[PDB]
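Form deposited in one PDB entry, single chain, as structure tokens, below.
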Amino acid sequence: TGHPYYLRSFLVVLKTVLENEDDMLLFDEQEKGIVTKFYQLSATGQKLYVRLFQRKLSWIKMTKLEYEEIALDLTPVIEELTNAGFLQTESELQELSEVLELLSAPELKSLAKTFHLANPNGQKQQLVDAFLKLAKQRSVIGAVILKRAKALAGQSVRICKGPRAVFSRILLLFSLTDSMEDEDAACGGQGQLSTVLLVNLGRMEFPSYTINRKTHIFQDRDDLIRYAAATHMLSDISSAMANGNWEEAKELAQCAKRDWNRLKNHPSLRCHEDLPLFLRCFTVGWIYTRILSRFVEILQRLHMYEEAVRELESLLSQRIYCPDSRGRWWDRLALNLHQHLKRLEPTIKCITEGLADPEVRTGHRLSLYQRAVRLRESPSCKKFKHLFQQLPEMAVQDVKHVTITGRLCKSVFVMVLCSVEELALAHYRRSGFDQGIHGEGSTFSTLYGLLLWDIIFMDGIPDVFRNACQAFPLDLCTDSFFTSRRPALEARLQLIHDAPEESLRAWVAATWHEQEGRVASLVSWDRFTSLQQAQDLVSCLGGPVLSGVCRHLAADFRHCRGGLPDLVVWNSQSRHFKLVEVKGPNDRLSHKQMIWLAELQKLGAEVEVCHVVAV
């Protein structure tokens, strides 16, 4: 462990995936050997590879490579990696567009000149398109350009794409069990370790649980490769959207929409369809559906609202993939029909079916009910009685609103510089709550985590723990997390409800002491300032409330994890607390948020929206 941080982290990944019997079925021998080859390198040889694996994939000037901590002179090390088959040298640098790319605009000028036919000025981009048109006609002069371009660029290494590929697939796999260590790190461009992972994994200590895998996710190394392909596609589409190239993204999508209807009969699907949901998210079909969702987003941006409706109706026609997404869809469907396609007939059928789908929850549920009333009680609609149709009167109860002012300067205010939220925490200090946290959902989530820790990492649920560095059972964000643990859950949620404020102070003390540091997705250790703070807070919150919140989180974290209030403020001595949703000059309450506030009131908790106006 004179291994620097980035190497320790890389090794954990390799180990974690290599000890999966199931995972190792999806690598041929050729592939498997490369890993051995890695392990065979010297410590130096390894350090340097990780560095370069992490760097962008392409050619690097030998003079641009400095790691003192690896060695003062890296030529030996490079030679090892070359011989090993991991790194290639300027010697294999053959493509012109590659040689040019590697050179600086300065150098590009020096070659634009010492070639008489070249206009020595313009951008770097131009001089390239130039030198490439020239070598394409008079080929024999092109080989002389390349000859110098090379000699001019210098000594240069590149990571070999082939072995690289194996490590990315390993990284990909590591990342399913770490939720998705990132779609951006693993799934796109190509796999590197996320920043946080690369830094911390080597030090991280995980909650103890029992690995118990009883089902395969992938049929064979082929299924993996098809999945990896869909993954990369979704990544490149998301990437396009991000860079605003909505035209490219529409193609890319349609492209993928073919391929998916191409796979729609293949043997493998039968088995995937059959997986429990918490695993079904790791299949081609799930990724293709996810892609089709982005596609309706794209149809929407390009304002093609008829198509988007078709696509939404397609997605909703099946319950196989992404059922957690139907709420987003039904809502999105209805919004399109009502707003954009003014078809008031379907808007109702839509809203009706949607609200009859036990799949839709919280925010979207509310948002459909709200459109219903706005619609039924509208004259532009009155010539009907098809929405009086027994709509359960989910009239989200009304909440105390409050307003304060702050001197404006994400929006920054002054009081020293601070946030909308910090400004309010102040108003509340002078309102006689000496104590507060700005924690949004993590305050509550880590309390749920502290109180149910042992039930979460409980033994006896097949398939939820598949390997070594999990921070949660894979079914955590499913309807099955609760069903698979009903009896234990009902029991614990009851105890908590009746617990007096010392049993709580004690249960928390317990987990805290036994688990402090351990990486669990629900628990932020620095979220409270000390164990003592946590105990204060639970004391104020009290069982019935602590129970109610925990019940929602475990029952349906997927759809309840967001829209809890920004602030918790309590009075130390008086034990009175308030749950505050800060609303700066430019944001209102989302449906998710008005559900939470309602539900927190029912639990009998002081809830308040605190509007901030600027000066």
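Definition used throughout: the rigid core is the maximal C-alpha set that superposes within 1.5 Å between two forms. Throughout, we count residues from 1 along the sequence that is shown.
Omitted from view is the form deposited in another entry, to which the following refers.
Comparing the two forms between the shown form and the other one on the rigid core, the single residue of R319, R258, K133, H303 with a CA shift of 2 Å or greater is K133. In this overlay on the rigid core, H438 has a C-alpha that sits less than 2 Å away from its partner position between the shown form and the other one. With the core held fixed, the Cα of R527 is displaced between the shown form and the other one by less than 2 Å. In this overlay on the rigid core, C187 has a C-alpha that sits 2 Å or more away from its partner position between the shown form and the other one. Between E181 and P473, the C-alpha separation shrinks by 3 Å or more in the other entry, relative to the conformation displayed. The distance between the CA atoms of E183 and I456 is at least 3 Å shorter in the other entry than in the form shown here.
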